[PDB]
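Trainee: Sharing target-v3.txt here; it has compact mmCIF, N, CA and C atoms and all ligand atoms.
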# COMPACT_ATOMS: atom_id res chain seq x y z
N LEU A 7 2.18 39.53 -12.44
CA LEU A 7 1.03 38.58 -12.27
C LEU A 7 0.64 38.36 -10.81
N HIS A 8 -0.59 37.90 -10.60
CA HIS A 8 -1.01 37.66 -9.24
C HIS A 8 -1.87 36.44 -9.11
N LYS A 9 -1.72 35.81 -7.97
CA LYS A 9 -2.46 34.59 -7.68
C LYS A 9 -3.81 34.95 -7.12
N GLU A 10 -4.77 34.15 -7.56
CA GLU A 10 -6.17 34.27 -7.14
C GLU A 10 -6.68 32.94 -6.59
N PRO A 11 -7.64 33.00 -5.69
CA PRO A 11 -8.19 31.78 -5.16
C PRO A 11 -8.97 30.93 -6.12
N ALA A 12 -8.92 29.62 -5.92
CA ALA A 12 -9.83 28.70 -6.57
C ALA A 12 -9.93 27.49 -5.68
N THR A 13 -10.94 26.66 -5.94
CA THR A 13 -11.04 25.39 -5.23
C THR A 13 -11.17 24.22 -6.22
N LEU A 14 -10.66 23.07 -5.84
CA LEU A 14 -10.74 21.90 -6.70
C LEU A 14 -12.20 21.46 -6.78
N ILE A 15 -12.65 21.23 -8.01
CA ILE A 15 -13.89 20.47 -8.23
C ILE A 15 -13.50 19.05 -8.57
N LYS A 16 -12.68 18.85 -9.61
CA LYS A 16 -12.30 17.49 -9.99
C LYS A 16 -11.03 17.49 -10.82
N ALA A 17 -10.17 16.55 -10.57
CA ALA A 17 -9.04 16.32 -11.46
C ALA A 17 -9.57 15.81 -12.81
N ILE A 18 -8.93 16.17 -13.93
CA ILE A 18 -9.31 15.63 -15.25
C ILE A 18 -8.17 14.87 -15.89
N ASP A 19 -7.09 15.54 -16.26
CA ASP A 19 -5.92 14.82 -16.76
C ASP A 19 -4.63 15.58 -16.46
N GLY A 20 -3.54 15.30 -17.15
CA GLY A 20 -2.24 15.87 -16.77
C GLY A 20 -2.25 17.41 -16.84
N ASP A 21 -2.93 18.01 -17.81
CA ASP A 21 -2.85 19.47 -18.00
C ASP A 21 -4.18 20.18 -17.96
N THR A 22 -5.24 19.48 -17.56
CA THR A 22 -6.54 20.12 -17.32
C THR A 22 -7.10 19.69 -15.99
N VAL A 23 -7.80 20.61 -15.36
CA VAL A 23 -8.45 20.37 -14.06
C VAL A 23 -9.68 21.23 -13.97
N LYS A 24 -10.70 20.72 -13.28
CA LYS A 24 -11.93 21.50 -13.09
C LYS A 24 -11.85 22.16 -11.72
N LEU A 25 -11.92 23.49 -11.76
CA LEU A 25 -11.84 24.32 -10.54
C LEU A 25 -13.02 25.21 -10.41
N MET A 26 -13.32 25.60 -9.19
CA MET A 26 -14.29 26.69 -8.98
C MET A 26 -13.50 27.97 -8.84
N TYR A 27 -13.80 28.96 -9.68
CA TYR A 27 -13.10 30.23 -9.72
C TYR A 27 -14.15 31.32 -9.74
N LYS A 28 -14.02 32.29 -8.84
CA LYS A 28 -15.05 33.33 -8.61
C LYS A 28 -16.44 32.68 -8.49
N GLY A 29 -16.49 31.52 -7.83
CA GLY A 29 -17.77 30.87 -7.53
C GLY A 29 -18.35 30.07 -8.67
N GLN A 30 -17.66 29.94 -9.82
CA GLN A 30 -18.24 29.29 -11.01
C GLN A 30 -17.35 28.13 -11.40
N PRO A 31 -17.93 27.01 -11.80
CA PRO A 31 -17.11 25.88 -12.29
C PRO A 31 -16.47 26.24 -13.62
N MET A 32 -15.19 25.90 -13.79
CA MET A 32 -14.52 26.08 -15.06
C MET A 32 -13.47 25.01 -15.24
N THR A 33 -13.29 24.61 -16.48
CA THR A 33 -12.15 23.72 -16.81
C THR A 33 -10.96 24.63 -17.09
N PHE A 34 -9.85 24.41 -16.39
CA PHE A 34 -8.59 25.13 -16.65
C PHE A 34 -7.63 24.27 -17.43
N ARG A 35 -7.00 24.88 -18.42
CA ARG A 35 -5.89 24.31 -19.17
C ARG A 35 -4.62 25.00 -18.73
N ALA A 36 -3.62 24.23 -18.38
CA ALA A 36 -2.35 24.78 -17.87
C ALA A 36 -1.57 25.45 -18.96
N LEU A 37 -1.24 26.73 -18.76
CA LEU A 37 -0.40 27.45 -19.74
C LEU A 37 0.96 26.84 -19.95
N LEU A 38 1.42 26.92 -21.21
CA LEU A 38 2.83 26.67 -21.61
C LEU A 38 3.27 25.22 -21.52
N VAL A 39 2.32 24.28 -21.38
CA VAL A 39 2.72 22.88 -21.25
C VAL A 39 1.83 22.02 -22.13
N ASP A 40 2.33 20.78 -22.32
CA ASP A 40 1.53 19.73 -22.98
C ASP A 40 1.84 18.41 -22.33
N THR A 41 0.85 17.83 -21.67
CA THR A 41 1.00 16.47 -21.20
C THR A 41 0.48 15.52 -22.28
N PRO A 42 0.94 14.25 -22.26
CA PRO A 42 0.37 13.23 -23.17
C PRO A 42 -1.10 13.04 -22.80
N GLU A 43 -1.93 12.69 -23.79
CA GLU A 43 -3.29 12.27 -23.46
C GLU A 43 -3.23 10.96 -22.67
N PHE A 50 -4.42 10.78 -21.91
CA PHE A 50 -4.42 9.60 -21.09
C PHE A 50 -4.12 8.32 -21.88
N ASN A 51 -4.60 8.24 -23.13
CA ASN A 51 -4.37 7.05 -23.95
C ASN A 51 -2.92 6.89 -24.49
N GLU A 52 -2.07 7.91 -24.27
CA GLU A 52 -0.66 7.91 -24.79
C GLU A 52 0.37 7.53 -23.73
N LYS A 53 1.62 7.25 -24.14
CA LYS A 53 2.65 6.87 -23.17
C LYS A 53 2.89 8.05 -22.19
N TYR A 54 2.94 7.75 -20.89
CA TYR A 54 3.06 8.71 -19.78
C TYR A 54 1.83 9.56 -19.55
N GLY A 55 0.75 9.32 -20.32
CA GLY A 55 -0.52 10.02 -20.05
C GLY A 55 -1.10 9.66 -18.70
N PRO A 56 -1.18 8.35 -18.39
CA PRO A 56 -1.73 8.03 -17.07
C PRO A 56 -0.83 8.56 -15.93
N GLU A 57 0.49 8.51 -16.11
CA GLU A 57 1.41 9.06 -15.11
C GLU A 57 1.25 10.58 -14.95
N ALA A 58 1.09 11.31 -16.06
CA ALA A 58 0.86 12.78 -15.99
C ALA A 58 -0.46 13.03 -15.26
N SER A 59 -1.50 12.28 -15.62
CA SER A 59 -2.79 12.47 -14.91
C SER A 59 -2.67 12.24 -13.42
N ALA A 60 -2.02 11.15 -13.04
CA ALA A 60 -1.90 10.86 -11.64
C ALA A 60 -1.09 11.87 -10.89
N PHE A 61 -0.07 12.42 -11.57
CA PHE A 61 0.77 13.41 -10.93
C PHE A 61 -0.01 14.70 -10.63
N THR A 62 -0.74 15.20 -11.61
CA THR A 62 -1.52 16.40 -11.40
C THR A 62 -2.66 16.14 -10.41
N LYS A 63 -3.28 14.94 -10.48
CA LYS A 63 -4.39 14.60 -9.56
C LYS A 63 -3.88 14.68 -8.13
N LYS A 64 -2.74 14.05 -7.88
CA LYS A 64 -2.17 14.04 -6.52
C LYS A 64 -1.86 15.44 -6.05
N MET A 65 -1.26 16.24 -6.93
CA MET A 65 -0.91 17.58 -6.53
C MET A 65 -2.13 18.41 -6.14
N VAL A 66 -3.19 18.37 -6.94
CA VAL A 66 -4.33 19.24 -6.66
C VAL A 66 -5.22 18.67 -5.55
N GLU A 67 -5.32 17.34 -5.44
CA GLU A 67 -6.15 16.74 -4.37
C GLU A 67 -5.52 16.89 -3.01
N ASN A 68 -4.19 16.90 -2.95
CA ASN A 68 -3.54 17.00 -1.66
C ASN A 68 -3.35 18.45 -1.19
N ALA A 69 -3.55 19.44 -2.06
CA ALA A 69 -3.33 20.81 -1.71
C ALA A 69 -4.34 21.30 -0.71
N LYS A 70 -3.87 22.05 0.28
CA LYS A 70 -4.77 22.78 1.15
C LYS A 70 -5.30 24.02 0.44
N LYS A 71 -4.48 24.55 -0.46
CA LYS A 71 -4.78 25.83 -1.11
C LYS A 71 -4.45 25.73 -2.57
N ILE A 72 -5.45 25.85 -3.44
CA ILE A 72 -5.18 26.01 -4.89
C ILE A 72 -5.32 27.47 -5.28
N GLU A 73 -4.45 27.92 -6.18
CA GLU A 73 -4.58 29.27 -6.72
C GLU A 73 -4.38 29.16 -8.23
N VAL A 74 -4.98 30.12 -8.92
CA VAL A 74 -4.72 30.31 -10.35
C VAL A 74 -4.13 31.69 -10.60
N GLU A 75 -3.25 31.73 -11.59
CA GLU A 75 -2.65 33.01 -11.97
C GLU A 75 -2.82 33.13 -13.46
N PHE A 76 -3.54 34.16 -13.89
CA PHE A 76 -3.66 34.43 -15.31
C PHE A 76 -2.43 35.17 -15.78
N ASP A 77 -2.15 35.05 -17.06
CA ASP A 77 -1.06 35.81 -17.66
C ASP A 77 -1.65 37.13 -18.20
N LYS A 78 -0.91 37.79 -19.07
CA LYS A 78 -1.27 39.13 -19.54
C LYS A 78 -2.24 39.14 -20.72
N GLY A 79 -2.41 37.99 -21.37
CA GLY A 79 -3.13 37.87 -22.60
C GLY A 79 -4.46 37.16 -22.38
N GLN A 80 -4.79 36.31 -23.34
CA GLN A 80 -6.06 35.56 -23.38
C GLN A 80 -6.24 34.83 -22.04
N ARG A 81 -7.44 34.89 -21.45
CA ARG A 81 -7.71 34.16 -20.21
C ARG A 81 -8.56 32.93 -20.47
N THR A 82 -9.18 32.84 -21.63
CA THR A 82 -9.88 31.62 -21.98
C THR A 82 -9.56 31.24 -23.41
N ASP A 83 -9.52 29.94 -23.69
CA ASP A 83 -9.22 29.51 -25.04
C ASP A 83 -10.53 29.30 -25.85
N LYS A 84 -10.37 28.85 -27.08
CA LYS A 84 -11.50 28.72 -27.96
C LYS A 84 -12.51 27.67 -27.50
N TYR A 85 -12.11 26.83 -26.58
CA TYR A 85 -13.01 25.79 -26.02
C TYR A 85 -13.63 26.30 -24.69
N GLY A 86 -13.40 27.55 -24.32
CA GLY A 86 -13.94 28.07 -23.04
C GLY A 86 -13.15 27.63 -21.83
N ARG A 87 -11.99 27.02 -22.03
CA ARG A 87 -11.16 26.66 -20.88
C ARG A 87 -10.40 27.84 -20.36
N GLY A 88 -10.29 27.99 -19.05
CA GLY A 88 -9.42 29.01 -18.43
C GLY A 88 -7.94 28.73 -18.73
N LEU A 89 -7.15 29.71 -19.05
CA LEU A 89 -5.73 29.50 -19.32
C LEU A 89 -4.97 30.14 -18.17
N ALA A 90 -4.28 29.34 -17.39
CA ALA A 90 -3.62 29.91 -16.20
C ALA A 90 -2.46 29.05 -15.81
N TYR A 91 -1.65 29.66 -14.93
CA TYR A 91 -0.70 28.87 -14.11
C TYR A 91 -1.37 28.45 -12.82
N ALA A 92 -1.32 27.15 -12.51
CA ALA A 92 -2.05 26.65 -11.32
C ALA A 92 -1.04 26.37 -10.23
N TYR A 93 -1.38 26.72 -8.99
CA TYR A 93 -0.50 26.46 -7.84
C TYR A 93 -1.19 25.62 -6.80
N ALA A 94 -0.42 24.71 -6.22
CA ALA A 94 -0.90 23.85 -5.13
C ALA A 94 0.02 24.08 -3.95
N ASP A 95 -0.53 24.73 -2.93
CA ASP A 95 0.24 25.12 -1.74
C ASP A 95 1.53 25.82 -2.17
N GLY A 96 1.36 26.73 -3.13
CA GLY A 96 2.43 27.61 -3.59
C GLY A 96 3.32 27.06 -4.66
N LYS A 97 3.20 25.75 -4.94
CA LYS A 97 4.06 25.08 -5.94
C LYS A 97 3.33 25.09 -7.28
N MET A 98 3.98 25.57 -8.34
CA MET A 98 3.37 25.65 -9.65
C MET A 98 3.22 24.24 -10.24
N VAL A 99 1.99 23.86 -10.57
CA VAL A 99 1.73 22.60 -11.26
C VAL A 99 2.44 22.53 -12.60
N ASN A 100 2.31 23.63 -13.35
CA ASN A 100 2.85 23.64 -14.71
C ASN A 100 4.35 23.34 -14.68
N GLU A 101 5.06 24.02 -13.81
CA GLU A 101 6.51 23.78 -13.67
C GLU A 101 6.78 22.36 -13.18
N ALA A 102 6.07 21.91 -12.18
CA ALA A 102 6.35 20.62 -11.59
C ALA A 102 6.20 19.53 -12.63
N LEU A 103 5.17 19.59 -13.49
CA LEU A 103 5.02 18.58 -14.56
C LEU A 103 6.23 18.57 -15.47
N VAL A 104 6.66 19.75 -15.90
CA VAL A 104 7.83 19.87 -16.81
C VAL A 104 9.08 19.35 -16.09
N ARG A 105 9.29 19.75 -14.86
CA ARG A 105 10.46 19.31 -14.11
C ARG A 105 10.57 17.79 -14.01
N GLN A 106 9.41 17.12 -13.93
CA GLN A 106 9.39 15.67 -13.79
C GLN A 106 9.37 14.94 -15.11
N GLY A 107 9.48 15.65 -16.22
CA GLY A 107 9.42 15.01 -17.53
C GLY A 107 8.07 14.41 -17.84
N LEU A 108 7.01 15.00 -17.31
CA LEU A 108 5.66 14.53 -17.61
C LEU A 108 4.88 15.47 -18.54
N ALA A 109 5.51 16.58 -18.91
CA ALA A 109 4.96 17.56 -19.87
C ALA A 109 6.12 18.16 -20.60
N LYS A 110 5.87 18.53 -21.86
CA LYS A 110 6.82 19.34 -22.67
C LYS A 110 6.38 20.81 -22.57
N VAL A 111 7.34 21.74 -22.56
CA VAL A 111 7.00 23.14 -22.83
C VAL A 111 6.37 23.23 -24.21
N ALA A 112 5.27 23.91 -24.35
CA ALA A 112 4.53 23.88 -25.62
C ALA A 112 3.50 25.00 -25.61
N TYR A 113 2.94 25.28 -26.78
CA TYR A 113 1.86 26.27 -26.84
C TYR A 113 2.25 27.64 -26.26
N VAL A 114 3.42 28.11 -26.69
CA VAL A 114 3.96 29.34 -26.14
C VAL A 114 3.51 30.48 -27.03
N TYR A 115 2.41 31.14 -26.74
CA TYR A 115 1.90 32.21 -27.56
C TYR A 115 2.41 33.54 -27.00
N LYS A 116 2.77 34.45 -27.91
CA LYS A 116 3.25 35.77 -27.51
C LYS A 116 2.24 36.49 -26.60
N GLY A 117 2.73 37.12 -25.55
CA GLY A 117 1.78 37.74 -24.64
C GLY A 117 1.02 36.92 -23.60
N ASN A 118 1.10 35.58 -23.61
CA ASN A 118 0.79 34.75 -22.47
C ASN A 118 1.99 33.85 -22.28
N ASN A 119 3.17 34.43 -22.07
CA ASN A 119 4.35 33.59 -21.88
C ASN A 119 5.27 34.02 -20.77
N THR A 120 4.69 34.61 -19.72
CA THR A 120 5.53 35.19 -18.64
C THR A 120 6.49 34.14 -18.03
N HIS A 121 6.04 32.91 -17.79
CA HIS A 121 6.86 31.88 -17.17
C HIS A 121 7.59 31.00 -18.13
N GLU A 122 7.73 31.41 -19.39
CA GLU A 122 8.35 30.52 -20.38
C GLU A 122 9.79 30.14 -19.99
N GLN A 123 10.65 31.12 -19.67
CA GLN A 123 12.00 30.72 -19.36
C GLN A 123 12.14 29.88 -18.04
N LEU A 124 11.29 30.13 -17.04
CA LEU A 124 11.30 29.28 -15.86
C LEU A 124 11.01 27.82 -16.25
N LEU A 125 10.00 27.64 -17.13
CA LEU A 125 9.60 26.30 -17.57
C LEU A 125 10.64 25.64 -18.47
N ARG A 126 11.25 26.40 -19.35
CA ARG A 126 12.30 25.83 -20.17
C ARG A 126 13.50 25.39 -19.33
N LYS A 127 13.82 26.11 -18.23
CA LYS A 127 14.92 25.68 -17.38
C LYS A 127 14.56 24.34 -16.72
N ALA A 128 13.30 24.18 -16.30
CA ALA A 128 12.87 22.90 -15.72
C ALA A 128 12.97 21.79 -16.76
N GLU A 129 12.54 22.06 -17.99
CA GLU A 129 12.62 21.02 -19.04
C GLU A 129 14.06 20.61 -19.29
N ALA A 130 14.98 21.56 -19.28
CA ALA A 130 16.37 21.19 -19.56
C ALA A 130 16.85 20.27 -18.45
N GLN A 131 16.46 20.54 -17.24
CA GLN A 131 16.82 19.69 -16.10
C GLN A 131 16.24 18.28 -16.23
N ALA A 132 14.95 18.19 -16.60
CA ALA A 132 14.36 16.85 -16.75
C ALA A 132 14.99 16.08 -17.89
N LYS A 133 15.32 16.79 -18.95
CA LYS A 133 15.99 16.16 -20.08
C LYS A 133 17.40 15.65 -19.68
N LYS A 134 18.15 16.44 -18.96
CA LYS A 134 19.50 16.02 -18.46
C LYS A 134 19.35 14.79 -17.61
N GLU A 135 18.31 14.71 -16.81
CA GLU A 135 18.07 13.57 -15.91
C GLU A 135 17.44 12.37 -16.60
N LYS A 136 17.10 12.54 -17.88
CA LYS A 136 16.42 11.54 -18.70
C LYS A 136 15.13 11.02 -18.08
N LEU A 137 14.32 11.92 -17.52
CA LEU A 137 13.10 11.52 -16.81
C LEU A 137 11.94 11.29 -17.75
N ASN A 138 11.27 10.16 -17.55
CA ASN A 138 9.92 9.93 -18.08
C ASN A 138 9.84 10.09 -19.60
N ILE A 139 9.24 11.17 -20.10
CA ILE A 139 9.17 11.47 -21.54
C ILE A 139 10.59 11.52 -22.17
N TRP A 140 11.57 12.00 -21.40
CA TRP A 140 12.94 12.10 -21.92
C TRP A 140 13.79 10.86 -21.69
N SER A 141 13.18 9.80 -21.20
CA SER A 141 13.89 8.53 -21.04
C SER A 141 13.70 7.76 -22.33
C1 LIG B 201 -2.41 25.63 -23.86
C2 LIG B 201 -3.24 26.31 -24.94
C3 LIG B 201 -4.01 25.58 -25.80
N1 LIG B 201 -4.75 26.26 -26.75
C4 LIG B 201 -5.48 25.45 -27.80
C5 LIG B 201 -4.45 25.14 -28.95
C6 LIG B 201 -4.85 23.73 -29.38
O1 LIG B 201 -5.90 23.83 -30.39
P1 LIG B 201 -6.38 22.50 -31.18
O2 LIG B 201 -7.45 21.81 -30.30
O3 LIG B 201 -7.07 23.10 -32.46
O4 LIG B 201 -5.23 21.56 -31.45
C7 LIG B 201 -5.43 23.10 -28.08
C8 LIG B 201 -4.43 22.16 -27.45
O5 LIG B 201 -4.99 21.72 -26.13
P2 LIG B 201 -4.86 20.31 -25.68
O6 LIG B 201 -3.40 19.96 -25.57
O7 LIG B 201 -5.58 20.37 -24.33
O8 LIG B 201 -5.60 19.32 -26.72
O9 LIG B 201 -5.81 24.19 -27.28
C9 LIG B 201 -4.77 27.58 -26.83
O10 LIG B 201 -5.47 28.14 -27.71
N2 LIG B 201 -4.11 28.39 -25.95
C10 LIG B 201 -3.28 27.75 -25.02
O11 LIG B 201 -2.60 28.51 -24.30
CA CA B 202 -2.51 17.54 -23.77
Would you kindly transcribe this structure into structure tokens?
Mentor:
Amino acid sequence: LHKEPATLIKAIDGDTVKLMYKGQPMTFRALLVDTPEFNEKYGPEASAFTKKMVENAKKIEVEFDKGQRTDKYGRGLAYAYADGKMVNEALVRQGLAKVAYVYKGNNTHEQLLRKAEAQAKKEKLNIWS
């Protein structure tokens, strides 16, 4: 896989963000994770965590996996990075997202993310508290 440039347009919630990619606005959905909706427990915390990460980044990148690049709602499906740090992993590591939506052929980072989830669960963080 390879990282590609994007720029922040607007934070949306814990696992979606609006980015400009190849010059076009798109809503991205983070691969392999599920944050609570804003109306659910830890939803506002997941939103704030992703907002801070993408707003403070000097450099955002997206990395597509090997499979589907957009979902049925037209959202981009990618791993998002903020100054080299994976958003998807960081949410899981902090107990603000569960590993989820693991479809065959877009699952390159699945075991990296599951290792982060096991760590957050051991630490009883957030969703795992
Ligand atoms: C993360 C992800 C979601 N989706 C679809 C599955 C779910 O469909 P349904 O809307 O029919 O439940 C939805 C979950 O996204 P959200 O968690 O953003 O609601 O997005 C994919 O198709 N591919 C993916 O990789
Ligand atoms: Ca969600």
Trainee: For each of A:13, A:74, A:93, A:39, take the minimum atom-to-atom distance to ligand CA 202 (chain B), counting only N, CA and C atoms and all ligand atoms, then give the residue where this is smallest.
Mentor: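 The closest residue to ligand CA 202 (chain B) is A:39.
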Trainee: Would you write out, as JSON lines, a table of all residues in chain A that have an atom no more than 8 Å from an atom of ligand LIG 201 (chain B), listing for each the closest atom pair and the distance in Å to one decimal, considering all atoms listed in the file and ordering rows by chain and rising residue number?
Mentor:
{"residue": "A:21", "atom": "C", "partner": "B:LIG201", "partner_atom": "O7", "distance": 6.5}
{"residue": "A:22", "atom": "N", "partner": "B:LIG201", "partner_atom": "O7", "distance": 6.8}
{"residue": "A:35", "atom": "C", "partner": "B:LIG201", "partner_atom": "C1", "distance": 5.6}
{"residue": "A:36", "atom": "C", "partner": "B:LIG201", "partner_atom": "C1", "distance": 5.0}
{"residue": "A:37", "atom": "CA", "partner": "B:LIG201", "partner_atom": "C1", "distance": 4.9}
{"residue": "A:38", "atom": "N", "partner": "B:LIG201", "partner_atom": "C1", "distance": 4.8}
{"residue": "A:39", "atom": "N", "partner": "B:LIG201", "partner_atom": "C1", "distance": 5.5}
{"residue": "A:40", "atom": "CA", "partner": "B:LIG201", "partner_atom": "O6", "distance": 5.6}
{"residue": "A:41", "atom": "N", "partner": "B:LIG201", "partner_atom": "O6", "distance": 6.1}
{"residue": "A:42", "atom": "C", "partner": "B:LIG201", "partner_atom": "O6", "distance": 7.8}
{"residue": "A:43", "atom": "N", "partner": "B:LIG201", "partner_atom": "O6", "distance": 7.6}
{"residue": "A:80", "atom": "C", "partner": "B:LIG201", "partner_atom": "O11", "distance": 7.6}
{"residue": "A:82", "atom": "C", "partner": "B:LIG201", "partner_atom": "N2", "distance": 6.7}
{"residue": "A:83", "atom": "CA", "partner": "B:LIG201", "partner_atom": "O10", "distance": 4.8}
{"residue": "A:84", "atom": "N", "partner": "B:LIG201", "partner_atom": "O10", "distance": 5.0}
{"residue": "A:85", "atom": "N", "partner": "B:LIG201", "partner_atom": "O10", "distance": 6.9}
{"residue": "A:88", "atom": "C", "partner": "B:LIG201", "partner_atom": "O11", "distance": 7.7}
{"residue": "A:89", "atom": "CA", "partner": "B:LIG201", "partner_atom": "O11", "distance": 6.0}
{"residue": "A:90", "atom": "N", "partner": "B:LIG201", "partner_atom": "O11", "distance": 7.2}
{"residue": "A:112", "atom": "C", "partner": "B:LIG201", "partner_atom": "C1", "distance": 6.2}
{"residue": "A:113", "atom": "CA", "partner": "B:LIG201", "partner_atom": "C1", "distance": 5.2}
{"residue": "A:114", "atom": "N", "partner": "B:LIG201", "partner_atom": "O11", "distance": 6.5}
{"residue": "A:115", "atom": "N", "partner": "B:LIG201", "partner_atom": "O11", "distance": 6.2}
{"residue": "A:118", "atom": "C", "partner": "B:LIG201", "partner_atom": "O11", "distance": 7.3}
Trainee: Using only N, CA and C atoms, please write the residues we just selected to a file, as a PDB file, in the coordinates of the input.
Mentor:
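Output saved as part_18.pdb:
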ATOM      1  N   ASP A  21      -2.930  18.010 -17.810  1.00  0.00           N
ATOM      2  CA  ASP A  21      -2.850  19.470 -18.000  1.00  0.00           C
ATOM      3  C   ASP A  21      -4.180  20.180 -17.960  1.00  0.00           C
ATOM      4  N   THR A  22      -5.240  19.480 -17.560  1.00  0.00           N
ATOM      5  CA  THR A  22      -6.540  20.120 -17.320  1.00  0.00           C
ATOM      6  C   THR A  22      -7.100  19.690 -15.990  1.00  0.00           C
ATOM      7  N   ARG A  35      -7.000  24.880 -18.420  1.00  0.00           N
ATOM      8  CA  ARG A  35      -5.890  24.310 -19.170  1.00  0.00           C
ATOM      9  C   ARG A  35      -4.620  25.000 -18.730  1.00  0.00           C
ATOM     10  N   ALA A  36      -3.620  24.230 -18.380  1.00  0.00           N
ATOM     11  CA  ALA A  36      -2.350  24.780 -17.870  1.00  0.00           C
ATOM     12  C   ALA A  36      -1.570  25.450 -18.960  1.00  0.00           C
ATOM     13  N   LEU A  37      -1.240  26.730 -18.760  1.00  0.00           N
ATOM     14  CA  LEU A  37      -0.400  27.450 -19.740  1.00  0.00           C
ATOM     15  C   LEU A  37       0.960  26.840 -19.950  1.00  0.00           C
ATOM     16  N   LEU A  38       1.420  26.920 -21.210  1.00  0.00           N
ATOM     17  CA  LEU A  38       2.830  26.670 -21.610  1.00  0.00           C
ATOM     18  C   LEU A  38       3.270  25.220 -21.520  1.00  0.00           C
ATOM     19  N   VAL A  39       2.320  24.280 -21.380  1.00  0.00           N
ATOM     20  CA  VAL A  39       2.720  22.880 -21.250  1.00  0.00           C
ATOM     21  C   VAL A  39       1.830  22.020 -22.130  1.00  0.00           C
ATOM     22  N   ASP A  40       2.330  20.780 -22.320  1.00  0.00           N
ATOM     23  CA  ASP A  40       1.530  19.730 -22.980  1.00  0.00           C
ATOM     24  C   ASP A  40       1.840  18.410 -22.330  1.00  0.00           C
ATOM     25  N   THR A  41       0.850  17.830 -21.670  1.00  0.00           N
ATOM     26  CA  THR A  41       1.000  16.470 -21.200  1.00  0.00           C
ATOM     27  C   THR A  41       0.480  15.520 -22.280  1.00  0.00           C
ATOM     28  N   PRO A  42       0.940  14.250 -22.260  1.00  0.00           N
ATOM     29  CA  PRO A  42       0.370  13.230 -23.170  1.00  0.00           C
ATOM     30  C   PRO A  42      -1.100  13.040 -22.800  1.00  0.00           C
ATOM     31  N   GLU A  43      -1.930  12.690 -23.790  1.00  0.00           N
ATOM     32  CA  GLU A  43      -3.290  12.270 -23.460  1.00  0.00           C
ATOM     33  C   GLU A  43      -3.230  10.960 -22.670  1.00  0.00           C
ATOM     34  N   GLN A  80      -4.790  36.310 -23.340  1.00  0.00           N
ATOM     35  CA  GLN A  80      -6.060  35.560 -23.380  1.00  0.00           C
ATOM     36  C   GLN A  80      -6.240  34.830 -22.040  1.00  0.00           C
ATOM     37  N   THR A  82      -9.180  32.840 -21.630  1.00  0.00           N
ATOM     38  CA  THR A  82      -9.880  31.620 -21.980  1.00  0.00           C
ATOM     39  C   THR A  82      -9.560  31.240 -23.410  1.00  0.00           C
ATOM     40  N   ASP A  83      -9.520  29.940 -23.690  1.00  0.00           N
ATOM     41  CA  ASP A  83      -9.220  29.510 -25.040  1.00  0.00           C
ATOM     42  C   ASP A  83     -10.530  29.300 -25.850  1.00  0.00           C
ATOM     43  N   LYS A  84     -10.370  28.850 -27.080  1.00  0.00           N
ATOM     44  CA  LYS A  84     -11.500  28.720 -27.960  1.00  0.00           C
ATOM     45  C   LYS A  84     -12.510  27.670 -27.500  1.00  0.00           C
ATOM     46  N   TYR A  85     -12.110  26.830 -26.580  1.00  0.00           N
ATOM     47  CA  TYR A  85     -13.010  25.790 -26.020  1.00  0.00           C
ATOM     48  C   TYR A  85     -13.630  26.300 -24.690  1.00  0.00           C
ATOM     49  N   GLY A  88     -10.290  27.990 -19.050  1.00  0.00           N
ATOM     50  CA  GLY A  88      -9.420  29.010 -18.430  1.00  0.00           C
ATOM     51  C   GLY A  88      -7.940  28.730 -18.730  1.00  0.00           C
ATOM     52  N   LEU A  89      -7.150  29.710 -19.050  1.00  0.00           N
ATOM     53  CA  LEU A  89      -5.730  29.500 -19.320  1.00  0.00           C
ATOM     54  C   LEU A  89      -4.970  30.140 -18.170  1.00  0.00           C
ATOM     55  N   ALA A  90      -4.280  29.340 -17.390  1.00  0.00           N
ATOM     56  CA  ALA A  90      -3.620  29.910 -16.200  1.00  0.00           C
ATOM     57  C   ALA A  90      -2.460  29.050 -15.810  1.00  0.00           C
ATOM     58  N   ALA A 112       5.270  23.910 -24.350  1.00  0.00           N
ATOM     59  CA  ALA A 112       4.530  23.880 -25.620  1.00  0.00           C
ATOM     60  C   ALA A 112       3.500  25.000 -25.610  1.00  0.00           C
ATOM     61  N   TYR A 113       2.940  25.280 -26.780  1.00  0.00           N
ATOM     62  CA  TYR A 113       1.860  26.270 -26.840  1.00  0.00           C
ATOM     63  C   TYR A 113       2.250  27.640 -26.260  1.00  0.00           C
ATOM     64  N   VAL A 114       3.420  28.110 -26.690  1.00  0.00           N
ATOM     65  CA  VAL A 114       3.960  29.340 -26.140  1.00  0.00           C
ATOM     66  C   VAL A 114       3.510  30.480 -27.030  1.00  0.00           C
ATOM     67  N   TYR A 115       2.410  31.140 -26.740  1.00  0.00           N
ATOM     68  CA  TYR A 115       1.900  32.210 -27.560  1.00  0.00           C
ATOM     69  C   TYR A 115       2.410  33.540 -27.000  1.00  0.00           C
ATOM     70  N   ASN A 118       1.100  35.580 -23.610  1.00  0.00           N
ATOM     71  CA  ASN A 118       0.790  34.750 -22.470  1.00  0.00           C
ATOM     72  C   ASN A 118       1.990  33.850 -22.280  1.00  0.00           C
TER      73      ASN A 118
END
Trainee: At what distance in Å, to one decimal, does CA of residue 94 in chain A lie from CA of residue 128 in chain A?
Mentor: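 A separation of 17.4 Å between them.
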Trainee: Going by DSSP on the backbone, which bits of range 26-97 of chain A are strand (DSSP E)? Write them as number ranges by chain, please.
Mentor: A: 26-27, 30-36, 39-40, 72-75, 88-94, 97
Trainee: Using only C-alpha atoms and all ligand atoms, which residue out of A:125, A:14, A:66, A:108 lies closest to ligand CA 202 (chain B)?
Mentor: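 Once distances to ligand CA 202 (chain B) are computed over only C-alpha atoms and all ligand atoms, the minimum belongs to A:108.
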Trainee: In Å, rounded to a single decimal, give me how far CA of residue 126 in chain A is from CA of residue 92 in chain A.
Mentor: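 Here the two named atoms are 16.9 Å from each other.
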Trainee: Given the choices A:109, A:98, A:53, A:78, which gets closest to ligand CA 202 (chain B) if the distance is worked out from only C-alpha atoms and all ligand atoms?
Mentor: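 The shortest atom-to-atom distance to ligand CA 202 (chain B) comes from A:109.
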